[PDB]
Amino acid sequence: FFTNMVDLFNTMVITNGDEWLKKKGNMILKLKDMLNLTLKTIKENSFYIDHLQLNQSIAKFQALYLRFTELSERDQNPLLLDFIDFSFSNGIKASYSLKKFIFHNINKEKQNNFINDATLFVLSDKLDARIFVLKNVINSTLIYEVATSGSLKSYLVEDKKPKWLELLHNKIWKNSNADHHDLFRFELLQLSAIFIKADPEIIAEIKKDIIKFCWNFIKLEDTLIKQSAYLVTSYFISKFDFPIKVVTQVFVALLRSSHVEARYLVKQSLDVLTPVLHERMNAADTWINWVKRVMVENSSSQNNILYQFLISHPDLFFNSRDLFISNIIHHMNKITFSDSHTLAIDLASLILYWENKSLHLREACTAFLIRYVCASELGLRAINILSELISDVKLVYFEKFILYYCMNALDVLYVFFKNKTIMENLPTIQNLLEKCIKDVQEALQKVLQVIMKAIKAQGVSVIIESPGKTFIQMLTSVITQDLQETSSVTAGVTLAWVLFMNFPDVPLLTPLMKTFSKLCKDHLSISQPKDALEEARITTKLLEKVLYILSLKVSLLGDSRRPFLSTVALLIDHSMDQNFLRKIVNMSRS
Amino acid sequence: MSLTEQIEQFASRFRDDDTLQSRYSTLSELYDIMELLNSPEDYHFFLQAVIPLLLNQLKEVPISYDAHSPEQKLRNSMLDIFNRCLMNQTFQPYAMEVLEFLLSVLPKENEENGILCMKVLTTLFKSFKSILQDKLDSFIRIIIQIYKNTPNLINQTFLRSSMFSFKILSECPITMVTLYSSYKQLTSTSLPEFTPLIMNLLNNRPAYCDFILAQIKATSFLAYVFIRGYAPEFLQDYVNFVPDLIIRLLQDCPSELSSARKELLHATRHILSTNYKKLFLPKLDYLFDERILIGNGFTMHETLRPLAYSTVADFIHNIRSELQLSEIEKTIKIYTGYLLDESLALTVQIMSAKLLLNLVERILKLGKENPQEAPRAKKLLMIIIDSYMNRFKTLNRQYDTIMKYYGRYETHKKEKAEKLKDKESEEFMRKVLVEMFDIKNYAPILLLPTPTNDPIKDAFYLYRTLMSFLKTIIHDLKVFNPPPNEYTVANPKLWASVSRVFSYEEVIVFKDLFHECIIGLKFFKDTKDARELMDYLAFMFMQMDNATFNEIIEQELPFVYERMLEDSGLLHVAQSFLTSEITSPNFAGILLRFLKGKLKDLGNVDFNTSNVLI
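Per the deposited record, the coordinates in this entry were obtained by cryo-EM to a resolution of 4.6 Å.

## Quick look at the overall build of chain A
Secondary structure summary: chain A contains 29 helices and 0 strands in total. Taken over C-alpha atoms, the radius of gyration comes to 39 Å for chain A, far larger than the 25 Å a tight globule of 590 residues would show.

## Digging into the overall build of chain B
The secondary structure content of chain B amounts to 27 helices and 0 strands. For 614 residues, the compact-globule formula gives about 25 Å, and the C-alpha radius of gyration of chain B, at 35 Å, lies well above that figure. Overall, the C-alpha framework of chain B stretches about 110 × 95 × 45 Å when taken along its three principal axes.

## Quick notes on the packing of helix α21 (residues 403-420) of chain A against helix α23 (residues 440-455) of chain A
Packed helix pairs are specified by the crossing angle of their axes together with the interaxial distance, meaning the distance between the axes. Residue and element names in this part refer to chain A. With their axes 9 Å apart at the nearest point, α21 and α23 run at an angle of 5° to one another. Looking at the two axes, α21 sits roughly parallel to α23. Every residue of α23 that contacts α21 at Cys406, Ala409, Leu413 and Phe417 is listed here: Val440, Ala443, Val447 and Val450. Along the lines of polarity and charge, the residues of the contact of α21 with α23 split into 8 nonpolar, no polar and no charged.

## Notes on the packing of helix α4 (residues 71-82) of chain B against helix α6 (residues 116-129) of chain B
Residue and element names in this part refer to chain B. Relative to each other, α4 and α6 sit at 15°, their axes nearing to 8 Å. Relative to α6, the element α4 is oriented roughly parallel. Along this stretch, α4 crosses α6, giving a crossing that reads as left-handed. For the pair formed by α4 and α6, the contact residues are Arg75, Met78, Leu79 and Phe82 on the first element and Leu116, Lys119, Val120 and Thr123 on the second. Here the residues of the contact of α4 with α6 sort into 5 nonpolar, 1 polar and 2 charged.

## As for helix α5 (residues 91-104) of chain B
Note on helix geometry: an α-helix contains 3.6 residues per turn, so any two residues three or four positions apart are oriented the same way. Taking 1.5 Å as the rise per residue, α5 of chain B with 14 residues should run 20 Å; its terminal C-alpha atoms sit 19 Å apart, in good agreement. At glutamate 97 of chain B, α5 of chain B shows its maximal kink, close to 30°.

## Describing unusual backbone geometry
Residue and element names in this part refer to chain B. Positive phi values are uncommon outside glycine, yet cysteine 172 reaches one of about 45°. In this structure, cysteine 172 sits in the loop between α8 (163-166) and α9 (177-188). Positive phi outside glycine occurs at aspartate 237, with the angle close to 60°. Position of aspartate 237 relative to the elements: it lies in the loop between α11 (210-226) and α12 (241-251).

## So, the interface of chain B and chain A
In this complex, chain B contributes 11 residues to the contact, which on the side of chain A involves 9 residues. Partitioned by chemical class, the residues of the side of chain B that touches chain A number 5 nonpolar, 3 polar and 3 charged.

Scoring rules and cut-offs
Residues numbered from 1 in each chain as written, not as in the entry; some residues may be left out. Chains lettered and ligands numbered in written order. Part of a larger assembly, values for the part shown. Heavy atoms only, no water. Residues with missing side-chain atoms left out of burial classes, pairs and counts. Helix = DSSP H or I, 4+ residues; strand = E, 2+ residues; numbered from the N terminus. Rg over C-alpha atoms; globule rule 2.2 N^0.38 Å. Axes fitted to C-alpha atoms, helices over the stretch in contact; angles between N-to-C directions. Parallel < 35°, antiparallel > 145°, perpendicular 65-115°, else oblique. Contact = heavy atoms within 4.5 Å. Nonpolar A, V, L, I, M, F, W, Y, C, P; charged D, E, K, R; others polar. Left-handed = near helix turned anticlockwise from the far one by under 90°. Expected span 1.5 Å × (residues − 1). Bend = angle between axes of the 7 residues up to and from the residue.

This is the structure in structure tokens:
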């Protein structure tokens, strides 16, 4: 009967428009008690408790009362009473009320009338949830006013009382006993978040008095709130004027981290202070020395180091004890022995920034960058800034350094490409390159392409000149002729193409006439279906595409140019090569 | 490196005391002993100098009892090298030189002591308990020495045991008794006597706090050992105290710090990691003592709420051995309420789902029972859906509540994806030729910063598994069907082979699901896998009773057809529901009616709406 009448009311409420009590609803009182009276007998009985038969009907009157709340105009009293009746049993937390609050929030002095009513209602402490949800409304009201304005301007442009400061100085003086769900801390964080909101306002010393109560909150320390009050302090400190002894101690408080790291605040507190103290350091360095002792007092904390990574951007702009920081950094490089690398990348860049505007440690820095690759990004590019820094362990301490060989293939390539900027070193490097002859060959093609940029001369044509070219090229032919070295042939072709890019001279062409022959064999092997999975075609596409590209490119389609077009007809038998022959005509048309 | 630096250091430190530089040079050498630039193997050389220099130190600053201003600063000079080393080589020889110094500082413990020594003691115990070379019995004797000095310093005078780390020889044939002295002390006696006063007064709240905080920090480390004597060690004839001691550990926890709970949690996880203690305790314990008052404290501990619940989730998941109906009723209400508490964590929610679905099997297993118990079990089965309906129907509509604002998230999810992002051939041719908590995010006070996710892929996993556990739920629903001969059913196999009854509420529950999920299906930006998920939702609703399947479809059809005007994947949903050769005679009847209106108004529809109708 508790349910069935309510829909019997609701179906009548459905039919009637204003209401069938015409937006007055004395039975709404007779029901709202009856539900608590249903909640009364609910405490006696246990048949089908927490029934949806209740719970849906429980939503229904909740929907109904919220509808009348929108329908009525008394925009103070049912707000608490519903929150009271919802604190009474089975807390709904109506998103519709959150929507109606969003409908209520987004000057209406009805909001200001609610605002002192809010100052009343949450101070009307009598449950905790009733007080808590009020604060949830209150902070959201506080936030949306200042957020959806220039700066809180419905209140900031003459809120027609210090109704806040009536409540605020009352609260700031109170601090009463500094709530199972950290509701005090929730009320504190609400008090904190409200005070964070009003910190851009017109209260200077009363806020500095309110921040003094926040120092009592900073005196309060349970771990979340402790950093939070530390976070609360910094936003005051960026805003308000700061004593230097308070400035160092807060930086000392910044030096005191914890377990569940409020680094987000700590970076933000750094984002407060690293302007302010450095501007004050610009306005004047004793704080950094006290910091350096504190930095010494890190006790293995790399949280200090990542904080110091931000702090080194003023500090390398300061540029006081750079190698001392770097000597710490190598001991920190020893400590991680990819987070430290970025810190090392920043610290290298910081050291690079001052010196552009020891090298052995920079050489040891490259040793860690290689060792970071060998125990497996930016670190290639960080070696390239290190390349521009070390050209502002020599080359030979990696005779043993698969993936390690390939990573060193990339590394020695950038090592060679940078240190090139030679004519004896490169065959001596080719002596090392002939030694380390263990795709990685595609990376070796990139190294050869780096060697090809070195093979560019600009005034060295028949000046002494090509043993390194010939020894590779026969080794390109010999590796090709064995078995399955198609990409290796192509690399040797790309070598020969680089050699043709280097030289106007047939001995390449005779394996190359053998190559497009063997590719034509490989074409008919690959066009044995008239359509494998993906790779060997597209390679031999690009393999023959390069193989086509050179054999025409100079001149003089050979004496077996008759064998040359015989592949081309079998190519026309295949179904591909749209642009490729289209270019290949165009030069032959030329 | 026991070199010209180290020679110049000890020479300038000629006198062992001097002024501030004497403190400063004391710290910096230990700091390089920790963290110099390089290390050319001076550690065995320096420790050969150090264990004497520590004997020179332990002579100079001997004992406990507040040797404060330079001498604990000398103990701070002592602490700074007390561990600043690494047990790499020649460890055992100087260790015997340290074992002399270790027994030397073994007593002195109370009234501003325990700082320099424990830092040395861990550096010794790590090098000791890596091995089991039996010099650690002298440490255990040194331990039991201070473990008399401690109840003297505590229980009369009204710290940092690491007893499992002390007993990290990983065998323990040396008995529990030394810890079992403290174990039976802290457990079988209420280690504070204010605690029987306060626990009776409940049903550190007074100012006598740091003592209870001491007695908590004691019993926490006392618990910390007890799993290393429970997990690799089986005790005998000590079984009545341990649930009560668990109830005692349940009774007390202070909440200033946080790893207090966190260790005690992972302890209780290890305490849950036992097997017979898992087999005994919840059958014996009213685990409702582990209420929301099990996990209480800061909103820091809201981050601790998962593993708190997840272990409690792991608890009943293990303890799923015939939990009684009213007990299962609390199990449903709490955990599905915890599952309803969807603002915590999806993984927590998805886990709590799989708890309940496994619990549904237990509800199925124990619910297969008395015909006296069957309608309450059917009411439990009604409660099961009443969980299940409201489970998704909140959360999916909560998800649907998110879906509007998720366009702004899509405005971000694309935006971060927006922020994320043949010269041999060519050049040779060349020179040779916010009305929600989005505004609450917009506030400068924030705990964690704003994360990022593929929310649909978040939602699809949310939608899959929740529909997945929904799919078996209705599959099990053909068991508590009423005797259909009340309706005089000529096919008693066919009735109760599928759904046979529901409440008018439960129908209204069921009809909401399609009213949810179809409107729920809107989040698919510009798939067919979701259509296969939609098929699963149809395959779910395929397992239903026909009159309901008729009646809900009636409510579905305009809500279908109006929403069908949005996009065409609903036709695949229609293609699903017809093509099953059971739902075909039903779904003909509605659409035959439901088209039969609109044919007259085929005159002027959109070409979409034509093709939609067509």
